[PDB]
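Data first, discussion second: the structure below is written as structure tokens.
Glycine gets a Cβ as well: all are built from the backbone with ideal geometry, and neighbour counts include every protein chain shown. Basis: the model, the stated rules and, where named, an outside source; no laboratory read-out is quoted.
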Amino acid sequence: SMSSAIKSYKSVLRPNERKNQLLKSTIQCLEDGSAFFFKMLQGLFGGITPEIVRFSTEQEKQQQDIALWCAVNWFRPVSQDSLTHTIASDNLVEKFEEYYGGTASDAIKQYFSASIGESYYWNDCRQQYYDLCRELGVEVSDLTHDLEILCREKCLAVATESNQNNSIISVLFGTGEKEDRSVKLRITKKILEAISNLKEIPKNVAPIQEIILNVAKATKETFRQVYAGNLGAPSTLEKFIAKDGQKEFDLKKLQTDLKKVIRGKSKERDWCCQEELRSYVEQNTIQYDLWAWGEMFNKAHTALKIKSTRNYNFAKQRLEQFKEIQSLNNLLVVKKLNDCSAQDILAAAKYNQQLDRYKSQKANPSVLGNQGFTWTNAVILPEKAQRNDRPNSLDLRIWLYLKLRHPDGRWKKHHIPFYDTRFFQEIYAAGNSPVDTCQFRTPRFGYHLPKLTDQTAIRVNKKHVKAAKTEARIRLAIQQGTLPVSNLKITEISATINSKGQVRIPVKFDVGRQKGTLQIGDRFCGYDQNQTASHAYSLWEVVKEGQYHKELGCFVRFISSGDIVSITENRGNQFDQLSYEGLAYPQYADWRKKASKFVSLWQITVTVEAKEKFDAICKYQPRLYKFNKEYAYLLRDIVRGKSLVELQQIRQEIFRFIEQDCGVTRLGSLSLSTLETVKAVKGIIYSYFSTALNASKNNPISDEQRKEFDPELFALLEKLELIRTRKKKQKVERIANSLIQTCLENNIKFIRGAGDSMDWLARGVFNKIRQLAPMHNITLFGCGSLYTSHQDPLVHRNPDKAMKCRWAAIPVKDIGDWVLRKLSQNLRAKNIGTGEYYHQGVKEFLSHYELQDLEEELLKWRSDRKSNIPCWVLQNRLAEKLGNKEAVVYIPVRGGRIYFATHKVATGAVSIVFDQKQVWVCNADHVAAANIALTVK
RNA sequence: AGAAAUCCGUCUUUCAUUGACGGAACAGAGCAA
DNA sequence: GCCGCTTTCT
DNA sequence: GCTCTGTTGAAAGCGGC
């Protein structure tokens, strides 16, 4: 069909005094109505029966537990706002058996036995339903009749069956003329029988169209009047009559649709308790308005049904946990362990975890919530806009036009403005380009704003320049006549608003037509994050003459590889925000020198000299952000054991280190080193507070006390937390953008990554890509492969398993204890799982470099101090075998930057001969990316 | 319909009134250290 | 034709 | 910060301006 995504915009409304009063009054009215609907629907759902759940689950192609579905609606935890019939924790099972008329199964019994959070209490909603029948003044069975009708019309969400939308309002409380269900049902059954037994199934639809028209006794131009009475959205039959008489015919689909229609319209909607319900609602909320009652019902109904479903699934999950508890419960080895064979002990560990988890589990209470309300057709259309344009200042106002309820009770529409530079740039500004047309005016969708000149004078407040600049750019795009017009064919836009006046603007758009299972010409790719939180991508193409992959079942071709990178320029100098590690050691001499000045005068409490570790830090000549991380750790050490006066002196030092010249608050990229430096600095302040207040086990320190002692430093605590939040969000968005633009520049249509082994950043990037890719008709899949770091591309599972260890390149000089340590470990590693490959890499290293006498020496060696070969013998031999004392040597280390690939699967790879085997020196991150691209899970 | 407004953010010993750039969002509940 | 209302829609 | 379960309606006619 047609695939569709959603972009959205967010801002805050700016009403004048009177319209703000009206808006607040209207939102409060809707919130009170939603609360009433929550309390009411709680009882309504408590009134359901096993018959209703049986009807709403009958066609569900996997069997459902009806008793549990009745439970999660009859008894639920609630806040004391909705608590009306408190039931004790121990009469849940008894009174459920009373209601249902049978023994409660184990799933429901687990649902009742689970803990509930503090301030949440169990509510018996069936007793509430009985009191609802009393308060309405109607019989219990009459309201049950209307409840069955409502659940059959999909006016309510019953277990697996979703609700129509807010159509309950129109169906039950509506004032217009309803359909004529008898005619629809009769025509539908007649055509169903006339189609179920045919002598010849056609290949087109014209014969079936004529059959339908003959049965209903109408023409192609009168069927809507005859069948639907010219009322409502077009039916399936109406769209079937309307279509071309040459299209393929799908008998099974039409039969299924007719059966659905017959099941839905078998019984009419003759009510019993309609008018009492309407009077109840109108007396309790407001006079009848379809939109307002719809909003109240939507809020309440969603809040209830999400918890109903969640608790249903939670009971079954808890039952499985309970069963797996009572399987590993060997009960004497358990007691010995808590006071000897292999898997009994491991199962006992699983048992401890499981029992702890089972004990702690809380059930999900039903809370009304704090969602906003949506106005339909609220934004004034861009071509309908009222623009007080100026020759040097465009009108940056977007106007809503919302109905508000006045204190008299009458509704009236009003205009309320708001500002969003993004919504103005992408959609709402008046475009005039003669030719150009794009969905959204933003670089990822193909449009770049013109850059600014010395002819553009931006003279505004300082806190507006970033906004003003964009306006200037947009205005320039109009002056040159190059601002594209939005091709979204927008007819109406809704707006969601909360009690704080925040507005959310959703925009839905078609992204293209759905894909079809990787034909020839379709390019795909993969990405992977390495150990240092850096991502790499590898592109591939399906080709005609090429190399076959058993997993994919087609011929594939490597295109290129690369690293995911987001570059910002600064007076011509480029910076990769995702990886920039700061200045080089000979560039921040003054910063390090001031730090040395401070650190010389102090000690660490065993006493040391505290300048000792500082010089240790400087030994390796690290870059600025690595230096800053380690020096934050140093300051944290220097704080651990000091006095109040000493702390004051230290505090003067901390404030400079954080706030001045290179501190994390002024300098720092989006790299892992900066993100860890921020955490280290926060730890500095946390230790300062722990020492100043002299905390202990039995001395808690509430943040109230921390702010009371030092407000100006708790300020930095929140400020650094905010910096961390913003940095991480920016980093995830930039990674997703970089990958998406890499795909766009290359006609990539499929991405493969890791997800649904979970980093915070890997998980976040996977979710962000899953969000962004559909917007460009790019298909994302998720492979949970764990061996991607060692698989050999185009060889692993083509047709058989093939892994190789990961290698590293070292010049002859920098060979030391860390080399022979890995050599001896991997040679000794014969069980590590990924240790066979590293052993075999060590042996290949020995065979290639002709050092087999040293393997006999090294099998015992690599000790802490004594039974080692000296750490220059191997230097001398390898130089003697290469002829130079600075020469690249390949060593199989765990986590190296080099992989030995069979095929050229990384950009810039070169071929060499290792152990009399030809091989390509590839970038191991690119190899992992390629392995991810070629996985089929 | 009311001349104002950074929609939310990032980089740089460079902090910029022509520096270069990034982003579907929201609610509740549960969980994990 | 615009606006606000109704209804049904698989 | 994880997930979990959801939302941000679609499509037609009618009658009064």
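Could you tell me whether region A:228-242 includes any residue that is charged (D, E, K, R) and not in a helix (DSSP H, G or I)?
Taking every residue of region A:228-242 in turn, none turns out to be charged (D, E, K, R) and not in a helix (DSSP H, G or I).
Return a yes/no flag: does region A:190-206 have any residue that is within 16 Å of DNA strand D (Cβ to nearest atom) and not in a loop (DSSP other than H, G, I, E, B).
There is no residue in region A:190-206 that is within 16 Å of DNA strand D (Cβ to nearest atom) and not in a loop (DSSP other than H, G, I, E, B).
Considering each residue of region A:152-162, count those that are more than 16 Å from RNA strand B (Cβ to nearest atom), assigned to a loop (DSSP other than H, G, I, E, B) and closer than 20 Å to residue A:307 by Cα, and give that number.
Restricting attention to region A:152-162, the residues satisfying the condition of being more than 16 Å from RNA strand B (Cβ to nearest atom) are A:152-156, A:158-161.
Going one step further and asking which of them are assigned to a loop (DSSP other than H, G, I, E, B), we end up with A:153-156, A:159-160.
When the remaining residues are screened for being closer than 20 Å to residue A:307 by Cα, the result is A:154-156, A:159-160.
Number of matching residues: 5.
Only residues in region A:277-290 that are not assigned by TED's automatic domain parsing to the domain that holds residue A:403 count as the first member; pair them with residues that are within 16 Å of DNA strand D (Cβ to nearest atom) and of a type in the set (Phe, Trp, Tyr), Cβ under 6 angstrom, at least 6 apart or cross-chain, and list the lot.
Note: pairs meeting the criteria are A:278/A:173.
Would you be able to tell me the number of residues in region A:483-501 that are in a loop (DSSP other than H, G, I, E, B) and either within 16 Å of RNA strand B (Cβ to nearest atom) or not hydroxyl-bearing (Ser, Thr, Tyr) (or both)?
Within region A:483-501, residues that are in a loop (DSSP other than H, G, I, E, B) and either within 16 Å of RNA strand B (Cβ to nearest atom) or not hydroxyl-bearing (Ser, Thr, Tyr) (or both) number 13.
Let's see how each residue does on (1) of a type in the set (A, V, I, L, M, F, W, C); (2) within 16 Å of DNA strand D (Cβ to nearest atom); (3) in contact with a helix residue (DSSP H, G or I) (Cβ under 9 Å, 6 or more places away or on another chain):
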| residue | (1), (2), (3) |
| --- | --- |
| A:39 | no, no, yes |
| A:69 | yes, yes, yes |
| A:78 | yes, no, yes |
| A:98 | no, no, no |
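For region A:574-683, list the helices (runs of 4 or more DSSP H) that sit wholly inside it and hold at least 2 residues that are under 25 Å from residue A:716 (Cα atoms); which are they?
The helices (runs of 4 or more DSSP H) meeting that bar are A:589-600, A:624-639, A:644-659.
I'd like the full set of residues that are among the polar types (S, T, N, Q) and not in a helix (DSSP H, G or I), limited to region A:3-33.
Within region A:3-33, A:3, A:4, A:8, A:11, A:16 meet the criteria.
I'd like the residue in region A:2-28 that is β-branched (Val, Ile, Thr) and away from DNA strand D (no atom under 16 Å from the Cβ) and, out of all such residues, is surrounded by the most Cβ atoms within 10 Å (Cβ to Cβ).
So the residue we want is A:26.
Condition test on residue A:156, is it within 12 Å of DNA strand D (Cβ to nearest atom), in contact with an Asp or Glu (Cβ under 8 Å, 6 or more places away or on another chain) and not polar (S, T, N, Q)?
Here the answer is no, as residue A:156 does not meet what is asked.
Report the residue count in region A:751-781 for those that are assigned to a loop (DSSP other than H, G, I, E, B) and among the aromatic types (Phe, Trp, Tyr).
Result for region A:751-781: 0.
A quick yes/no check of all residues on (1) surrounded by 11 or more Cβ atoms within 10 Å (Cβ to Cβ); (2) within 30 Å of residue A:498 (Cα to Cα); (3) not polar (S, T, N, Q):
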{"position": "A:351", "(1), (2), (3)": "yes, no, yes"}
{"position": "A:407", "(1), (2), (3)": "no, yes, yes"}
{"position": "A:440", "(1), (2), (3)": "yes, yes, yes"}
{"position": "A:444", "(1), (2), (3)": "yes, no, yes"}
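Count, please, the residues in region A:50-66 that happen to be surrounded by 18 or more Cβ atoms within 10 Å (Cβ to Cβ) and either more than 17 Å from residue A:154 (Cβ to Cβ) or touching a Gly at 6+ places or on another chain (Cβ under 8 Å) (or both).
Summing the residues that are surrounded by 18 or more Cβ atoms within 10 Å (Cβ to Cβ) and either more than 17 Å from residue A:154 (Cβ to Cβ) or touching a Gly at 6+ places or on another chain (Cβ under 8 Å) (or both) in region A:50-66 gives 2.
Run down A:390, A:405 and say which single residue is under 38 Å from the mean Cα position of the chain (by Cα) and not assigned by TED's automatic domain parsing to the domain that holds residue A:291.
None of the other options fit; the residue is A:405.
This table checks each residue for (1) more than 16 Å from RNA strand B (Cβ to nearest atom); (2) farther than 30 Å from residue A:69 by Cα; (3) of a type outside the set (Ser, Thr, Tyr).
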| site | (1), (2), (3) |
| --- | --- |
| A:206 | yes, yes, yes |
| A:229 | yes, yes, yes |
| A:239 | yes, yes, yes |
| A:246 | yes, yes, yes |
| A:260 | yes, no, yes |
| A:265 | yes, no, yes |
| A:282 | yes, yes, yes |
| A:297 | no, no, yes |
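So how many residues does region A:555-577 have that are touching a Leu at 6+ places or on another chain (Cβ under 6 Å) and farther than 24 Å from residue A:524 by Cα?
The total comes to 1.
Out of A:613, A:642, A:597, I need the residue that is farther than 30 Å from residue A:734 by Cβ, over 40 Å from the mean Cα position of the chain (by Cα) and surrounded by fewer than 16 Cβ atoms within 10 Å (Cβ to Cβ). Which one?
Going through A:613, A:642, A:597 in turn, just one is farther than 30 Å from residue A:734 by Cβ, over 40 Å from the mean Cα position of the chain (by Cα) and surrounded by fewer than 16 Cβ atoms within 10 Å (Cβ to Cβ): A:597.
Run residue A:765 past the list (1) out of contact with any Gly (no Cβ under 6 Å at 6 or more places or on another chain); (2) more than 14 Å from residue A:537 (Cβ to Cβ); (3) within 13 Å of DNA strand D (Cβ to nearest atom) and report the number of the one that doesn't hold.
(2)
When region A:223-254 is examined, which residues are found to be closer than 20 Å to residue A:181 by Cα, more than 12 Å from DNA strand C (Cβ to nearest atom) and in contact with a helix residue (DSSP H, G or I) (Cβ under 9 Å, 6 or more places away or on another chain)?
The answer is A:223, A:226, A:241.
Which residue out of A:491, A:496 is surrounded by fewer than 16 Cβ atoms within 10 Å (Cβ to Cβ), within 16 Å of DNA strand D (Cβ to nearest atom) and among the β-branched types (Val, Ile, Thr)?
From the options A:491, A:496, the qualifying one is A:491.
Name the helices (runs of 4 or more DSSP H) wholly inside region A:280-380 in which the number of residues that are near DNA strand D (Cβ under 9 Å from one of its atoms) and farther than 23 Å from residue A:118 by Cα is 1 or more.
On the way: elements: A:290-325, A:333-338, A:342-360.
In region A:280-380, A:290-325 are the helices (runs of 4 or more DSSP H) which contain 1 or more residues that are near DNA strand D (Cβ under 9 Å from one of its atoms) and farther than 23 Å from residue A:118 by Cα.
Kindly check whether there is at least one residue in region A:251-263 that is away from DNA strand D (no atom under 16 Å from the Cβ), within 24 Å of residue A:26 (Cβ to Cβ) and within 40 Å of the chain's Cα centre (by Cα).
no
Could you check region A:446-478 and list, in sequence order, the residues that are hydroxyl-bearing (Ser, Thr, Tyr) and either exposed (fewer than 13 other Cβ atoms within 10 Å of the Cβ) or within 16 Å of DNA strand D (Cβ to nearest atom) (or both)?
Within region A:446-478, A:453 is the sole residue that qualifies.
Given the options A:441, A:473, name the one that is under 36 Å from the mean Cα position of the chain (by Cα) and outside any loop (DSSP other than H, G, I, E, B).
After ruling out the rest, the residue left standing is A:473.
Any residue in region A:714-734 that is outside the structural domain of residue A:658 (by TED's automatic domain parsing) sitting within a Cβ distance under 7 Å of a residue that is within 8 Å of RNA strand B (Cβ to nearest atom) and aromatic (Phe, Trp, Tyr)? List the pairs, counting only those 6 or more apart or interchain.
none
Among A:727, A:707, which is out of contact with any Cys (no Cβ under 8 Å at 6 or more places or on another chain), within 11 Å of DNA strand D (Cβ to nearest atom) and not small (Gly, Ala, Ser)?
A:727
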